[PDB]
Amino acid sequence: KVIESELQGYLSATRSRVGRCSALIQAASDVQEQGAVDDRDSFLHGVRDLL
Amino acid sequence: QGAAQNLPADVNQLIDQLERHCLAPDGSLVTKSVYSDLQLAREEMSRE
């Protein structure tokens, strides 16, 4: 009977992987998107776009 | 010769004056949105 009581605790165990699955992607975004962050360094073009 | 000297300045002034009125269109706000966003950083600093 403790297992069924701990299965709800185990439910937190299994779903924590989903939370890890739903959060770890943001970490790789800072490195994989560096080729698409060229927007505000092109804002630096605007200040130097004087001519 | 003299008119040729002004040509680089002449070609500039053709759209330079209108680009203030062109600032509000997307011809400038793709970078210059900060002005329309009023210091797009965070509107200066209040809390962020």
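Here is what the cut-offs are and how they apply
- Residues numbered from 1 in each chain as written, not as in the entry; some residues may be left out.
- Chains lettered and ligands numbered in written order.
- Part of a larger assembly, values for the part shown.
- Heavy atoms only, no water.
- Helix = DSSP H or I, 4+ residues; strand = E, 2+ residues; numbered from the N terminus.
- Buried < 20%, exposed > 50% of the residue type's maximum accessible area, 1.4 Å probe, protein only.
- Areas by Shrake-Rupley, 256 points an atom, 1.4 Å probe, with all protein chains shown as cover.
- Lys, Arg positive; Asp, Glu negative; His and termini not counted.
- Charge placed at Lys NZ, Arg CZ, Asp CG, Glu CD.
- Contact = heavy atoms within 4.5 Å.
- Buried area = accessible area lost by both parts, 1.4 Å probe.
- Salt bridge = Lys/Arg side-chain N within 4 Å of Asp/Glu carboxyl O.

Peer 1: Account for the overall build of chain B, with residues named and values stated.
Peer 2: Helix and strand content of chain B: 3 helices and 0 strands. Sequence-ordered secondary structure for chain B, helices as α and strands as β, is α-α-α. Projecting the C-alpha coordinates of chain B onto the three principal axes gives extents of approximately 60 × 20 × 15 Å. Relative to its 48 residues, chain B shows a buried fraction of 10%. Summing over all exposed atoms, chain B offers an accessible surface of approximately 4,300 Å²; the carbon and sulfur share of this is 56%. Between the centroid of the 4 positive side chains of chain B and the centroid of its 8 negative side chains there is a distance of 8 Å.

Peer 1: Pulling in residues and values, what's your account of the interface of chain A and chain B?
Peer 2: Every contact between the two is made by 7 residues of chain A and, on the other side, 7 residues of chain B. Each partner contributes to the roughly 480 Å² buried at the junction of chain A and chain B, and carbon and sulfur atoms together form 51% of this total. The largest share of the area that chain A buries against chain B comes from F43, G46 and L51 of chain A, three residues that together contribute 66% of it. Scanning the region where chain A abuts chain B turns up 1 salt bridge. Salt-bridge contacts for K32 of chain B lead to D49 of chain A; the nearest nitrogen and oxygen are separated by 3.9 Å.

Peer 1: Just give me the short version of the side chain of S33 of chain B, but keep the residues and values in it.
Peer 2: Tracing the backbone shows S33 of chain B in helix α3 (residues 26-36). In contact with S33 of chain B, other than residues within four places in its own chain, are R40 and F43 of chain A together with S28 and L40 of chain B.

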